[PDB]
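These notes are about the structure you will find just below.
Quick note: residue numbers are just sequence positions, from 1. Whatever order the structure lists them in is the order used to number ligands and atoms, beginning at 1. What you see below is based on every heavy atom in this structure, not just the backbone, and it leaves out hydrogens, waters and symmetry mates.
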Amino acid sequence: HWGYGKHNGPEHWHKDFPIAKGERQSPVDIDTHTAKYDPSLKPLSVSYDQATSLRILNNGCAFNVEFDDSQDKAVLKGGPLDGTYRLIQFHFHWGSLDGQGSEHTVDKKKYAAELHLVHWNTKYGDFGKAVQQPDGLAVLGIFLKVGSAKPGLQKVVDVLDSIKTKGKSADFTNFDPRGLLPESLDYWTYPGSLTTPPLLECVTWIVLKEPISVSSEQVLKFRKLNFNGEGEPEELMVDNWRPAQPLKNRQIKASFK
Ligand SMILES: *SCCNC(=O)CC(c1ccccc1)c1ccccc1
Ligand SMILES: [Zn+2]
């Protein structure tokens, strides 16, 4: 029932999901002049060399690339995190225009899109249990800007034709998410939530400072997806992003000076 339109978008979510007006909601604006370098933060470890993707799905909200998380194949460790967090999936949020689309902002700047690499804490055994824990998830957020094409994204872009509408999925094996990372692993980190209902406050956010560049043609293909299901009237999948929420009683820490 919730969505991203005028009668059911983010300003309405609180009626079915009162936690939307919560104490640690995401996304937020990242005030780079207020975030503090934290020297306690240990180095970030992104270990994706044995990653195993399975499938890509249009769920009506975005598209997810799903991974085999039955073992420690692609994991996130270090930084602010205690323990190992398993890659379960990734997705994007993007806009109708290159001037908007990200969820997090940097000094109020909106990027063209935002990549979320979603990982869960292995100490809680599965994702569904992890989301009911304040330290259950770790999401790696990577901003997208429009410029030169991102070669590691092209495999993703090409399959989208086969998952145009809500409920469609396709085989997506042997995709390597290392091709979606920037050079630098400099990040900001804060405690927050999922950015769609149920909006659970179970996330440790890790947002890379360095955006990746994608081409105009690549993001235009994202914009051709549909929110609707097959044989329903076309509603382009665009602007599936939730805006910045109140930081309230939280501190954003930086991994770099
Ligand atoms: S079209 C709805 C899209 N959202 C889902 O993928 C739901 C999913 C979730 C959350 C809480 C419990 C079970 C499943 C999810 C949402 C955001 C990030 C990761 C997973
Ligand atoms: Zn997301």
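Counting heavy atoms only, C61 comes closest to atom 3 (C) of ligand 1 of the residues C61, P197, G136, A130. Between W2, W120, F127, it is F127 that holds the heavy atom closest to atom 12 (C) of ligand 1.
In this structure, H12 contributes its side chain and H7 its backbone to a donor-acceptor pair below 3.5 Å. Side chain of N64 to backbone of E66: no donor-acceptor contact under 3.5 angstrom is found.
Side-chain N/O atoms of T165 and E230 include no donor and acceptor closer than 3.5 Å.
For the residue pair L160 and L225, the shortest heavy atom distance occurs at O-CD2, 3.8 Å.
For the side-chain contact (heavy atoms from CB on, under 4.5 Å) test, residues two or more places apart in sequence or in another chain that qualify with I88 are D69, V118, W120, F127. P191 meets the side-chain contact (heavy atoms from CB on, under 4.5 Å) test with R24, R250; sequence neighbours excluded. For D107, the side-chain contact (heavy atoms from CB on, under 4.5 Å) partners at least two apart in sequence or on another chain are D31, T32, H33.
With a heavy-atom cut-off of 4.0 Å, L194 touches ligand 1 through its side chain alone.
With a 6.0 Å cutoff to the six-membered ring centre and a 45° limit on the axis angle, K253 does not count as a cation-pi contact of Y37.
Excluding waters, the protein N/O/S atoms found under 2.8 Å from the Zn ion (ligand 2) are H91 NE2, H93 NE2, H116 ND1.
Counting the atoms of ligand 1 from 1 in the order shown, those under 4.0 Å from a heavy atom of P198 are 10 (C), 11 (C). Atoms of ligand 1 lying under 4.0 Å from at least one heavy atom of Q89, given by number and element, are 19 (C), 20 (C).
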